[PDB]
Structures are given as structure tokens and as C-alpha cells.
Amino acid sequence: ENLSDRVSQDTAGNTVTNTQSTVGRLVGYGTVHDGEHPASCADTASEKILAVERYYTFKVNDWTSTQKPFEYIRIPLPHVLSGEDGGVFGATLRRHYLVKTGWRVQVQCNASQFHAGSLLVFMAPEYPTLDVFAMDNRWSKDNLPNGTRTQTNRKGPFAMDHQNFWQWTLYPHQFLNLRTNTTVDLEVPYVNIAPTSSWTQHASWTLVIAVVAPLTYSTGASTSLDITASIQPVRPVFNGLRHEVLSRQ
Amino acid sequence: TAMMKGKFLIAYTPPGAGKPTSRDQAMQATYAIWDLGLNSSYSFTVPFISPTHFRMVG
Amino acid sequence: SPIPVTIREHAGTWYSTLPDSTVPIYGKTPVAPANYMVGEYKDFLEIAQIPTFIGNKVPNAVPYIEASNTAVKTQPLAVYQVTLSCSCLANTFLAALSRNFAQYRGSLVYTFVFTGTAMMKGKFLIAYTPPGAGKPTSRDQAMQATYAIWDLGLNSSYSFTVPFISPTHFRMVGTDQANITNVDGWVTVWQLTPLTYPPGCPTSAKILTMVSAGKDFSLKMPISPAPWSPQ
Amino acid sequence: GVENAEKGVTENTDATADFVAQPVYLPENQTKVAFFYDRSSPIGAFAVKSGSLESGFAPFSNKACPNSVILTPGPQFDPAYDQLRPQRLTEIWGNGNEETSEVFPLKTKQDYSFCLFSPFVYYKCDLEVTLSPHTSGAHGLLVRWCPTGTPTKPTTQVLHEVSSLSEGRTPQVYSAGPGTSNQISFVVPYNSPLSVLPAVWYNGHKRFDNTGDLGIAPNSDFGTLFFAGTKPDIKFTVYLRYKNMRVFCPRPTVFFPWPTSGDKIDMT
Amino acid sequence: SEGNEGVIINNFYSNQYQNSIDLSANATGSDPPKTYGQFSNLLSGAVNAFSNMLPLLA
Amino acid sequence: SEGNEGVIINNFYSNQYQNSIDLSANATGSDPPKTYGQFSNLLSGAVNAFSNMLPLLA
């Protein structure tokens, strides 16, 4: 079973995550979101809402024997938490024009000492997601590695949404290797083209889950491994208060 | 068994909106994630959240 | 009082790489403060050190090799040529970075991540063979060169560094034609002992393979590779 | 050296860790980012329309050799509207558009080299531009540079017999004489209202309407260039040079095809 | 570091002209200077104290 | 000695640009600088000491 300097807890409001097999928290770019006000806004921000700075936990998908290498699932931020599952975060988010935040994630998946396989979990700024910024529905190897080009663009070399997955480890990441761990912990600071974001039309960060070494096991072993995640906005700062977005969807 | 693995979500929901009906609603209240591993138990404390200083026993 | 000048023969030429600036036409323009920004790097060497995936079984590339329950001293699990041109490295950041320079020097790091079951056990012999006598054909010949024994256990990966052994201070990055029996030698992976397991466990495992630059690694003279189309 | 790559960070070594060796470091500065992009590369060939020197400007292209150019290393043009003002694209168009067609030479306009190798998400820099006429005979060229996001329809001729490019207080450059070297050079400042520019992709829309079309962030270029001149038959190459480049957040580069051949590559 | 420039001579154009001007914004804002120049219309006699006063209503 | 150059003026391009850079390698190798710049991903919480600890197995 799981041990000692590998047993770890993280308290967020009224939220706390525990793992008995961690490998540490990878802090991307080596910095955390400071929670500082955007220098481009004259209005004072609403910040430090306790009800907002906690972990939102929901399920991603199911890992099976069938997934092939590099098939993935994307979770666009802040969008995934802008709805009902986003609690007061979502509610506040829908009434502000702009949000500036960092992310702290934990993705979870257990198997046994008789299972073999590994996931790659990474977080990437400006990763190409669905149009509508929603979590992918099923695993896909869609539009890797040359991007999506137009129908007719018969001879085009590639499109700007290219993604050479052979290099996905350039992104802040950690491996969820079944023989080693059960959880992966990442944290990223705020990065964007501007001092704060009009989140409505931009999913600036994407949490990506990909298979790199396919699931293997002998008969009688657990057969499908669920994948869940805990996401927490790190010191979000809101500005430009107005009426509700509404069609939140 | 020592060979088993798993994670539980234990939540405390204050009154007002009824009991949660899915883990997704529970997760909106006070909760903890319990990971199985070397250490056998988990001690969850429900915080005293109340309008009055005391609560009736029975 | 007008000053006399002698016009050089090269009058009027344009040099794509001139170590100098041209005429500014829109001065005193302040920029938009970008001081909140993070994640900046300044030297490619700063990130060339991050391992990316080696492609196995080209052109049906997979990011791993497979260990079996049999140790044939005659059968390498992998054989990589030590050339920043190996089709093997073609998509690693190391190779993509390197293709914009003429020469390299220093250590190459091959990282192996065991992805099998916790219940499996095994030992690998990873060797680097300098050129001169051809590639080794059995673990017995590889074992005569630089090598390491990797034992499976609590710790998941193994970082093997191929030492820069060369007559010249630097080595050419890319190949003109293809490099024979040359290149700079080979990295071969062999099983020493077979993968062993208990009942109820798979009998083969995947080993993730990545490559990166060592702290030693240097690149010089920026150029452009031959243009290509990913498709 | 035994290690645990799952942490997302791996300790770096030299031959020194496992064997009896010595470090073999030697200094070099050609791998700094600024030095690497501080050299000129071409983005395409352009043309001037007949008698543009003395009339209203109008979008037009010679052989998919247009009239104006957006200052950006990313793709733009779209050979299907070679007669419309050019636009930034999210893909590169091959030379032909059907099987039997060819990828090179590309039809769109871009810094193919930058495209091929830009391992960063965002960047900031100043832009040095070089206009090179493909002729060693006299050549007259009028250029109008408009900062990003400003008026780009230099269509109304306000002065009788004067190019409409040559109007206002917007920067205009002109070289034309029997003793010139024909080429033009100048550097433009950084004018995007954005703090830093998306280098490859920008995962967001143009309006809050989410009239869904991701890819490019608005006003993320260095402006537009309009040309008028006297040799409507000579084409000229436009080159970009990134002055004091800064990049943030490493990310992957363009895919390179598996040699379904050897165990090494080459050139071309 | 620096780029590809290795001229001994001092740049003939000064920097504010050769380059863009990097500015930095502080989080908490900055106060405009008090005055943008000395152009101004002036309001005089705005108030009181002094006239053919206190014959004047209370 | 020197070659065939006899200009009074200081070379307009600096040396590192006008000429190649003669370097010298020492027999016994040289240590890379410790760091190539300040870009880095960081691993935190790596170890221990401090939690809801020593209820934790021995």
C-alpha cells in the first residue's frame, strides 16, 4: 500500500483533498497566481471570496484497455466551472466582464499493483479546444498533429491549431503511472495576452488528459478505471460587474 | 484487502436546500476526499454551523 | 567643410544577417505594459533539457519499447543511432531545436520510464558503442562498451547519458546524404534478465523512451533545415 | 542514474553521473532567443498595380502577388481572393488544391521558418522590414504603413494626381531615382494593444457573440503595408527581422514526417 | 541577452526613437500629473468677502 | 604579426562580430554553468515534515 512523505492533504475552503501516493505538486513556470489587481482596470476588483476559492470535483471519463497512445480529453478553463457545477465561482463569474485567476488541479485514478499503463496530465495556455469551450466527451486523437485544415486545402502543409504530441512534455505536466501513483497535482499562474481576461470568449488554459502507455491487466483485475478531477481557482480577481451573462450555456 | 484501492467523497451539507441528490451537489458543500493506502482510517469532522449557540439534542 | 568619402565596391548591398539596425520611422511609441507576464525563457538551452518522446517503430511510431519475458542476447529491445538525425529522434524537441544549427557538442540523455505492473521485475543492459567496429550484435558485444544495468524496483525511471566521445570538439548536427555505419555510434537496449511476474499479471510491459540535452550540451551557428511539409 | 519521471521534472546530468568521465562544456551565445530571431527571412513576393503612383489605391494582385501585406509571421492571403484585401488565415495553402497538385511553393504569405520553429505561446518584439525589388534597373516604390487596428482602406484619392497612399500624416516611405539602391529598409515599433502576441494560436473568438471562429487574436499584428510604384512588372520580396524578441511559455513545434526510409534524414 | 548587432558606434538615433518604450503599470494605478501644461480659462470672483457689505440679507 | 590592414579608426563592428572567437579547451573539461537562465517548472511538496501528523503509520 501507499506511503509516508507520499501521504498529502490540501485544504481549500470547506474542501480538502487527500492522496496516499503523491509525487509532489508541479508548479508550472515556477510561480503561482499572486491575486494582484489588473493594472488595466480602474474599478476595484471583488477578490478573496472564500466561497470561491475551493475545489470543484467532478468526473472526467473512463480509462480502458482500448485507448490508444496520445488519445486525449480536454477540459477548457474557466469555462468548465462557469455553470452550475462552478458554484459561487460560476455565479460570480457570470456577472463579471473580466476574471484573472491561476489554477490548482488534482487528477485521480486508481488501479492495482497488477495493472499496467500510464497517463500524461498537462496544462497548456492557448491549447486548441472545442469552439464552444466544453470538456471533450470521448477520447479522440482528433486533429493531431497537423491541425485542422479546410476541406479543399488539399496541399496545405498544416493549420495553426497544430499539436505535435511527441513534445507534449514541454507543457507543465506529471505522469499518472499506475505502478507509481494515484493522483497528479499541478498548479499554474496567470498568463494571457492581456493583464486580465474577457473569459466569455477565451478559454486561455486547458487541462489535458492523454494516454501514453495503454491499460493492460490480466483477467479478474478491475477492467475500467474512472478518471476524476478536483479543480480550484487560485486567487481569482473579478472586475466589470454587470447583469448576468445569462445563457450560461 | 491491502491490494484494494479507491477514493471516497464525504460531505456535510447544512440545511436550507434539502439533502444533496448526487455527489455533484454534495461536492458543493463541506467535503473531504479520502484516498485508500497505507493508513487505514479517516476522521471526518462536521463543523458546527448554526444560527444558535446551541442546538436541541432530541 | 563637406567631408570627403571613398565609396566601397560593395555599395548598395543588403545583408540578411547584418549585425546592425536600420531607420526608425515611428519613434517615441510607448508600449502596453506587459509586466504581469510569466514563463519567459531566453536561451533555447534553457528548455532543451526537458525530455520529449522518442518514436519507436517508425512510421507507426509509439512512444515506447516493449520488454518481454525472454532475454535473447542476440536481440536488442532497441537500437538508436546517436545522430541528431535519427528518424528515431525526428519529433523530439532536441531534434527540432538542433535542426536549426550546424554543430553540437556534449551529452545526450536517454530516459526510460517503466510502465509495467508493480509486481513485475527485470534488469536491462543499456549500452553506448562508439563507432569504428560497427554496431554490436549481441548483448555480449555491447557489454564491451559503455553500459549501465537498470534494475526495476521502487523507482520508475532510469536516465542513461551517452558520453560525448569524439575526435573533434564538435560534431555536425545533420546528415548530408545518410551516414552509413557511421553516425556517432549506437545506443542499444537489451534484456539482461527477463521480465518476471507472479500469476495474474500481464507478461510484457511498455517502457516510455524520451531524449533531452545534458548540462554539457551546446549548439552553434544558426541556419535553416531543408524546408519540409508535415504532410 | 535512477530517476522518477512522473514528477514532471527530471534531474540533468552529464557523463559524470554514471561513468568515470568529465564535463565538456564550452560557451556559445548563438542559442539565445534574441540572437536567433534577429535575422531576416522572407514572407512572400508582392506587386504594385499600374499607375498606382497617381491614383486611388485598390486591392489587387499580380500572380497571387498582391498590393498590400499584413506585418505578421503567420499565414495570410487565401489565393481565392487575390483580388481582395488580404487577410490572416489559420492554415497555409499549398501550391495547388487537388491531389495532383503540389505543396510547394506555397500560395499564402508567411514566415515559413518562423512557423516551422516557434516553441513559445506568446512573444513581443519590434519589426524590421526589408523590401527588395527583383530588378537591378530603376524602380520606384511608395509605401504606406498603418499601425494595427487603424484605418486600412486607403481608397479615396484626396489630391488630384497624387496616389491615395500618399495622403495624411500616416507614415509613408518613397524611394525612386536613378541613383538609389532600389531597396527599402525601416523598423516599426510594437503597436498591438495586446501586452504580448499569440505566436501560433489564440483559443478565443473575435466578438463576445462567440460567432465561433477561434485562432487569431484581434489586432495581434504589426500593421498593414500598402504599395504603389512605377514598375508594375517587377515583383519584390518582403522580409521580416525580429528586433529584441522575447518569448513566453514553451510549447511544441511542427511535426516532422517519419522517414519511412532510413534511420536518419539529410536535406531537402 | 542581445541579438545580432555589433557596432561600436553609439546608435545615431536615440533609443526612444530606435526602440519602442517599455513601460510598466502598477497594479494599484497611477495618478495623472496635476496639470498637462499651462493652458487654462480662469474663474474669478467665485466666492466673496469684501463689498458694500453687510447691508446685504441674512 | 598582423596582416594587411592599416586603418587608424577603431573597427566599426566589434570583434566578436568582425572575427571568429578563438576559444580554448582545457584538457580536463569544464563545468557547465549551473543554470542557463531562469526558466523553470518547480516541484513543490516533494518531501514532508508538518501535517495532521503522527496519527500516520510507522
# chains A, B, ... in the order shown; residues from 1 in each chain; ligands from 1

call {"tool": "calpha_fit_and_write", "arguments": {"fixed": "chain E", "moving": "chain F", "output": "tab-separated table (two decimals) with C-alpha atoms, in the first residue's frame"}}
result
chain	number	residue	atom	x	y	z
F	1	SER	CA	20.99	38.60	-24.00
F	2	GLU	CA	21.26	40.75	-27.11
F	3	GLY	CA	20.66	40.00	-30.64
F	4	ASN	CA	22.64	40.39	-33.71
F	5	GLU	CA	24.06	43.82	-33.59
F	6	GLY	CA	27.78	44.54	-33.02
F	7	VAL	CA	28.50	48.12	-33.95
F	8	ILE	CA	30.96	50.17	-31.83
F	9	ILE	CA	29.36	53.45	-32.56
F	10	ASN	CA	26.73	54.83	-30.41
F	11	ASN	CA	23.38	54.49	-32.07
F	12	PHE	CA	22.81	57.56	-34.16
F	13	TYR	CA	19.07	57.72	-33.37
F	14	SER	CA	18.35	57.75	-29.68
F	15	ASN	CA	16.55	54.96	-28.09
F	16	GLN	CA	13.21	56.35	-27.62
F	17	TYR	CA	13.31	56.54	-31.38
F	18	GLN	CA	15.20	53.42	-32.29
F	19	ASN	CA	13.07	51.27	-29.96
F	20	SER	CA	9.56	51.03	-28.52
F	21	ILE	CA	9.34	52.30	-24.91
F	22	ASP	CA	8.81	49.52	-22.38
F	23	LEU	CA	6.57	50.92	-19.62
F	24	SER	CA	5.36	49.18	-16.60
F	25	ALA	CA	1.99	49.51	-14.97
F	26	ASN	CA	1.49	49.23	-11.30
F	27	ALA	CA	-1.39	47.18	-10.07
F	28	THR	CA	-2.89	49.90	-7.93
F	29	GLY	CA	-2.93	52.64	-10.59
F	30	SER	CA	-1.08	55.86	-11.00
F	31	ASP	CA	-2.15	59.45	-10.55
F	32	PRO	CA	-2.14	61.68	-13.59
F	33	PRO	CA	0.13	64.62	-13.20
F	34	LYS	CA	-1.86	67.52	-11.75
F	35	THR	CA	-1.55	69.55	-14.94
F	36	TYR	CA	-0.92	68.73	-18.61
F	37	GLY	CA	0.57	72.17	-19.38
F	38	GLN	CA	-0.29	75.79	-18.52
F	39	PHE	CA	-3.23	76.43	-20.74
F	40	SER	CA	-6.30	77.45	-18.75
F	41	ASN	CA	-9.50	79.57	-18.57
F	42	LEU	CA	-9.98	81.03	-15.13
F	43	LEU	CA	-12.86	81.57	-12.95
F	44	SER	CA	-12.56	84.62	-10.81
F	45	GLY	CA	-14.83	86.24	-8.25
F	46	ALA	CA	-16.22	82.76	-7.49
F	47	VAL	CA	-16.73	83.43	-3.76
F	48	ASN	CA	-16.98	86.64	-1.63
F	49	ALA	CA	-15.58	88.58	1.34
F	50	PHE	CA	-15.49	92.34	0.60
F	51	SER	CA	-18.04	94.79	-0.96
F	52	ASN	CA	-20.60	97.38	0.21
F	53	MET	CA	-21.32	94.65	2.67
F	54	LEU	CA	-23.39	93.63	5.33
F	55	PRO	CA	-26.25	95.93	4.19
F	56	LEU	CA	-26.83	92.58	2.27
F	57	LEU	CA	-29.55	89.99	3.58
F	58	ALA	CA	-29.12	87.29	6.23

call {"tool": "select_by_dssp", "arguments": {"residues": "segment 31-231 of chain C", "states": "alpha helix (DSSP H)", "output": "compact mmCIF listing (two decimals) with N, CA, C and O atoms, in the first residue's frame"}}
result
# COMPACT_ATOMS: atom_id res chain seq x y z
N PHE C 93 11.91 17.56 -29.05
CA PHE C 93 12.26 19.00 -29.11
C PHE C 93 13.78 19.12 -29.39
O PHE C 93 14.21 20.08 -30.07
N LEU C 94 14.59 18.19 -28.92
CA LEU C 94 16.02 18.18 -29.07
C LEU C 94 16.35 18.24 -30.56
O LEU C 94 17.17 19.06 -30.98
N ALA C 95 15.69 17.33 -31.23
CA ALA C 95 15.93 17.22 -32.69
C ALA C 95 15.36 18.44 -33.42
O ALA C 95 16.06 18.94 -34.32
N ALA C 96 14.19 18.90 -33.07
CA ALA C 96 13.56 20.06 -33.71
C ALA C 96 14.37 21.30 -33.44
O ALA C 96 14.38 22.18 -34.30
N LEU C 97 14.98 21.41 -32.27
CA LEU C 97 15.80 22.56 -31.90
C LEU C 97 17.09 22.50 -32.72
O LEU C 97 17.47 23.41 -33.46
N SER C 98 17.75 21.37 -32.54
CA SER C 98 19.03 21.09 -33.18
C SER C 98 19.07 21.27 -34.67
O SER C 98 20.15 21.70 -35.17
N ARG C 139 24.33 -8.72 -26.85
CA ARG C 139 24.50 -8.02 -25.58
C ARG C 139 25.93 -8.25 -25.14
O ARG C 139 26.60 -7.45 -24.47
N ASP C 140 26.49 -9.38 -25.56
CA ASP C 140 27.87 -9.70 -25.16
C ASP C 140 28.85 -8.72 -25.75
O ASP C 140 29.89 -8.52 -25.12
N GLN C 141 28.58 -8.18 -26.91
CA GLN C 141 29.50 -7.23 -27.55
C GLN C 141 29.21 -5.82 -27.04
O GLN C 141 30.05 -4.89 -27.01
N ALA C 142 27.93 -5.63 -26.73
CA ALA C 142 27.55 -4.27 -26.29
C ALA C 142 28.22 -4.02 -24.95
O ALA C 142 28.74 -2.95 -24.68

call {"tool": "residues_around", "arguments": {"residues": "residue 6 of chain B", "least_positions_apart": "3", "cutoff": "7 Å", "atoms": "only C-alpha atoms", "output": "MDAnalysis selection string"}}
result
(chainID A and resid 110) or (chainID B and resid 35:36)

call {"tool": "closest_atom_pairs", "arguments": {"of": "segment 52-139 of chain A", "to": "segment 215-228 of chain A", "cutoff": "6 Å", "atoms": "only C-alpha atoms", "output": "JSON lines"}}
result
{"residue": "A:58", "atom": "CA", "partner": "A:228", "partner_atom": "CA", "distance": 5.8}
{"residue": "A:59", "atom": "CA", "partner": "A:228", "partner_atom": "CA", "distance": 4.0}
{"residue": "A:60", "atom": "CA", "partner": "A:228", "partner_atom": "CA", "distance": 5.0}
{"residue": "A:61", "atom": "CA", "partner": "A:227", "partner_atom": "CA", "distance": 5.3}
{"residue": "A:62", "atom": "CA", "partner": "A:226", "partner_atom": "CA", "distance": 4.5}
{"residue": "A:63", "atom": "CA", "partner": "A:225", "partner_atom": "CA", "distance": 5.0}
{"residue": "A:64", "atom": "CA", "partner": "A:224", "partner_atom": "CA", "distance": 5.0}
{"residue": "A:65", "atom": "CA", "partner": "A:215", "partner_atom": "CA", "distance": 4.8}
{"residue": "A:107", "atom": "CA", "partner": "A:228", "partner_atom": "CA", "distance": 5.9}
{"residue": "A:108", "atom": "CA", "partner": "A:228", "partner_atom": "CA", "distance": 5.2}
{"residue": "A:109", "atom": "CA", "partner": "A:227", "partner_atom": "CA", "distance": 5.0}
{"residue": "A:115", "atom": "CA", "partner": "A:217", "partner_atom": "CA", "distance": 4.8}
{"residue": "A:116", "atom": "CA", "partner": "A:216", "partner_atom": "CA", "distance": 5.0}
{"residue": "A:117", "atom": "CA", "partner": "A:215", "partner_atom": "CA", "distance": 4.5}

call {"tool": "write_last_selection", "arguments": {"atoms": "C-alpha atoms", "output": "PDB file, in the first residue's frame"}}
result
ATOM      1  CA  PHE A  58     -16.329  16.002 -10.941  1.00  0.00           C
ATOM      2  CA  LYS A  59     -15.616  13.002 -13.195  1.00  0.00           C
ATOM      3  CA  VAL A  60     -13.647  13.122 -16.435  1.00  0.00           C
ATOM      4  CA  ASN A  61     -14.091   9.792 -18.096  1.00  0.00           C
ATOM      5  CA  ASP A  62     -13.229   6.137 -18.201  1.00  0.00           C
ATOM      6  CA  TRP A  63      -9.893   4.671 -18.950  1.00  0.00           C
ATOM      7  CA  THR A  64      -9.942   1.484 -20.723  1.00  0.00           C
ATOM      8  CA  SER A  65      -7.985  -1.087 -22.386  1.00  0.00           C
ATOM      9  CA  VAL A 107      -6.478  14.400 -11.298  1.00  0.00           C
ATOM     10  CA  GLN A 108      -7.307  10.979  -9.777  1.00  0.00           C
ATOM     11  CA  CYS A 109      -7.236   7.365 -10.993  1.00  0.00           C
ATOM     12  CA  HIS A 115      -2.454  -3.247 -13.677  1.00  0.00           C
ATOM     13  CA  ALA A 116      -0.039  -1.607 -16.176  1.00  0.00           C
ATOM     14  CA  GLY A 117      -0.348   1.740 -18.007  1.00  0.00           C
TER      15      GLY A 117
END

call {"tool": "closest_atom_pairs", "arguments": {"of": "chain D", "to": "chain C", "cutoff": "6 Å", "atoms": "only C-alpha atoms", "output": "tab-separated table"}}
result
residue	atom	partner	partner_atom	distance
D:1	CA	C:159	CA	5.3
D:2	CA	C:158	CA	4.5
D:3	CA	C:157	CA	4.9
D:4	CA	C:157	CA	5.0
D:12	CA	C:214	CA	5.8
D:13	CA	C:214	CA	5.3
D:14	CA	C:214	CA	5.3
D:15	CA	C:163	CA	5.0
D:24	CA	C:216	CA	5.8
D:25	CA	C:216	CA	5.1
D:30	CA	C:220	CA	5.9
D:31	CA	C:43	CA	5.6
D:32	CA	C:43	CA	4.1
D:33	CA	C:43	CA	5.4
D:39	CA	C:17	CA	5.0
D:40	CA	C:16	CA	5.1
D:181	CA	C:12	CA	5.2
D:186	CA	C:23	CA	4.6
D:187	CA	C:24	CA	5.1
D:195	CA	C:34	CA	4.8
D:247	CA	C:40	CA	5.8
D:248	CA	C:40	CA	4.0
D:249	CA	C:39	CA	5.0
D:255	CA	C:230	CA	5.5
D:256	CA	C:230	CA	5.4
D:257	CA	C:230	CA	5.6
D:258	CA	C:59	CA	5.3
D:259	CA	C:87	CA	5.6
D:260	CA	C:59	CA	5.7
D:263	CA	C:87	CA	4.9
D:264	CA	C:86	CA	4.0
D:265	CA	C:85	CA	5.6
D:266	CA	C:175	CA	4.5
D:267	CA	C:226	CA	4.9
D:268	CA	C:226	CA	4.6

call {"tool": "write_last_selection", "arguments": {"atoms": "C-alpha atoms", "output": "mmCIF file, in the first residue's frame"}}
result
data_model
loop_
_atom_site.group_PDB
_atom_site.id
_atom_site.type_symbol
_atom_site.label_atom_id
_atom_site.label_comp_id
_atom_site.auth_asym_id
_atom_site.auth_seq_id
_atom_site.Cartn_x
_atom_site.Cartn_y
_atom_site.Cartn_z
ATOM 1 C CA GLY D 1 21.177 7.455 -12.671
ATOM 2 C CA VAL D 2 17.914 6.110 -11.272
ATOM 3 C CA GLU D 3 15.105 8.673 -11.534
ATOM 4 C CA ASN D 4 11.283 9.105 -11.336
ATOM 5 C CA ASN D 12 20.005 16.791 -15.579
ATOM 6 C CA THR D 13 23.282 15.051 -15.870
ATOM 7 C CA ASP D 14 26.480 14.762 -17.839
ATOM 8 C CA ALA D 15 28.524 11.600 -18.386
ATOM 9 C CA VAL D 24 32.791 19.075 -21.533
ATOM 10 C CA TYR D 25 31.231 22.494 -21.527
ATOM 11 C CA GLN D 30 24.062 31.679 -30.640
ATOM 12 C CA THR D 31 21.361 29.820 -28.767
ATOM 13 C CA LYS D 32 19.879 32.943 -27.163
ATOM 14 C CA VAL D 33 16.423 33.590 -28.486
ATOM 15 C CA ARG D 39 17.983 37.854 -38.812
ATOM 16 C CA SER D 40 15.811 38.480 -41.871
ATOM 17 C CA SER D 181 19.942 51.039 -54.492
ATOM 18 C CA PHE D 186 12.942 50.598 -41.810
ATOM 19 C CA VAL D 187 11.817 49.324 -38.411
ATOM 20 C CA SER D 195 0.591 43.089 -23.905
ATOM 21 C CA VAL D 247 9.109 34.647 -25.818
ATOM 22 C CA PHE D 248 6.988 33.136 -23.051
ATOM 23 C CA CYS D 249 5.790 29.572 -22.333
ATOM 24 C CA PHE D 255 5.643 17.822 -36.822
ATOM 25 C CA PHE D 256 8.349 16.213 -38.865
ATOM 26 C CA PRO D 257 7.473 13.188 -41.008
ATOM 27 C CA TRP D 258 8.726 9.740 -40.171
ATOM 28 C CA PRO D 259 11.446 8.586 -42.531
ATOM 29 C CA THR D 260 9.583 5.612 -43.997
ATOM 30 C CA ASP D 263 17.289 5.649 -39.640
ATOM 31 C CA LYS D 264 18.276 9.224 -40.446
ATOM 32 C CA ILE D 265 17.404 12.150 -42.650
ATOM 33 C CA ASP D 266 19.526 14.792 -44.506
ATOM 34 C CA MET D 267 18.307 17.758 -46.506
ATOM 35 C CA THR D 268 15.511 18.552 -48.855
#

call {"tool": "residues_around", "arguments": {"residues": "residue 80 of chain D", "least_positions_apart": "3", "cutoff": "12 Å", "atoms": "only C-alpha atoms", "output": "ChimeraX atom specification"}}
result
/A:152-153 /D:61,63-64,76-77,83-87,93,95-97,107-108

call {"tool": "decode", "arguments": {"residues": "segment 28-54 of chain B", "atoms": "N, CA and C atoms", "output": "tab-separated table (two decimals), in the first residue's frame"}}
result
chain	number	residue	atom	x	y	z
B	28	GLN	N	-20.59	20.49	-3.42
B	28	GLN	CA	-20.78	21.92	-3.31
B	28	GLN	C	-20.74	22.52	-1.91
B	29	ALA	N	-20.80	21.63	-0.97
B	29	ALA	CA	-20.78	21.83	0.47
B	29	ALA	C	-19.40	21.40	1.01
B	30	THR	N	-19.33	21.26	2.32
B	30	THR	CA	-18.12	20.89	3.01
B	30	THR	C	-17.80	19.46	2.66
B	31	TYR	N	-16.65	19.17	2.17
B	31	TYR	CA	-16.35	17.76	1.92
B	31	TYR	C	-14.86	17.55	1.94
B	32	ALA	N	-14.51	16.30	2.03
B	32	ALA	CA	-13.15	15.75	2.03
B	32	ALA	C	-13.05	14.55	1.08
B	33	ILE	N	-11.90	14.32	0.46
B	33	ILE	CA	-11.64	13.17	-0.41
B	33	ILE	C	-10.77	12.21	0.42
B	34	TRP	N	-11.20	10.98	0.57
B	34	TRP	CA	-10.42	10.02	1.37
B	34	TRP	C	-9.77	9.05	0.40
B	35	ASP	N	-8.47	8.99	0.33
B	35	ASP	CA	-7.70	8.11	-0.56
B	35	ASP	C	-7.30	6.87	0.22
B	36	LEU	N	-7.46	5.67	-0.27
B	36	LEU	CA	-7.09	4.42	0.42
B	36	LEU	C	-5.58	4.20	0.25
B	37	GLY	N	-4.82	3.69	1.18
B	37	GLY	CA	-3.37	3.49	1.08
B	37	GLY	C	-2.91	2.89	2.40
B	38	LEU	N	-1.69	3.15	2.76
B	38	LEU	CA	-1.20	2.59	3.98
B	38	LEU	C	-1.96	2.80	5.27
B	39	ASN	N	-2.48	3.98	5.40
B	39	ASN	CA	-3.21	4.40	6.60
B	39	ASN	C	-4.65	3.95	6.46
B	40	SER	N	-5.14	3.13	7.35
B	40	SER	CA	-6.46	2.54	7.42
B	40	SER	C	-7.66	3.42	7.64
B	41	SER	N	-7.67	4.41	8.49
B	41	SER	CA	-8.96	5.15	8.67
B	41	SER	C	-8.96	6.59	8.24
B	42	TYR	N	-10.07	7.27	8.36
B	42	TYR	CA	-10.23	8.67	8.00
B	42	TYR	C	-11.18	9.27	9.03
B	43	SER	N	-10.88	10.36	9.67
B	43	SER	CA	-11.66	11.04	10.67
B	43	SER	C	-12.25	12.30	10.05
B	44	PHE	N	-13.52	12.35	9.74
B	44	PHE	CA	-14.22	13.50	9.13
B	44	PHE	C	-14.93	14.33	10.19
B	45	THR	N	-14.68	15.60	10.36
B	45	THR	CA	-15.38	16.36	11.42
B	45	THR	C	-16.47	17.26	10.85
B	46	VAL	N	-17.70	17.12	11.33
B	46	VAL	CA	-18.71	18.01	10.73
B	46	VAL	C	-18.67	19.25	11.61
B	47	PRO	N	-18.39	20.36	10.94
B	47	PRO	CA	-18.32	21.66	11.60
B	47	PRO	C	-19.67	22.12	12.15
B	48	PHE	N	-19.60	22.73	13.35
B	48	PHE	CA	-20.89	23.20	13.95
B	48	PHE	C	-21.35	24.44	13.20
B	49	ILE	N	-22.29	24.29	12.28
B	49	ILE	CA	-22.75	25.51	11.58
B	49	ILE	C	-24.20	25.71	11.99
B	50	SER	N	-24.34	26.76	12.74
B	50	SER	CA	-25.69	27.03	13.27
B	50	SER	C	-25.98	28.47	13.65
B	51	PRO	N	-27.24	28.87	13.49
B	51	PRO	CA	-27.66	30.22	13.83
B	51	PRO	C	-27.64	30.40	15.33
B	52	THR	N	-28.00	29.37	16.08
B	52	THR	CA	-27.98	29.49	17.55
B	52	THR	C	-26.70	28.92	18.13
B	53	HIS	N	-26.35	29.39	19.30
B	53	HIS	CA	-25.12	29.00	20.00
B	53	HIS	C	-25.17	27.51	20.30
B	54	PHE	N	-26.39	27.05	20.57
B	54	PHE	CA	-26.60	25.63	20.85
B	54	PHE	C	-27.77	25.15	20.00
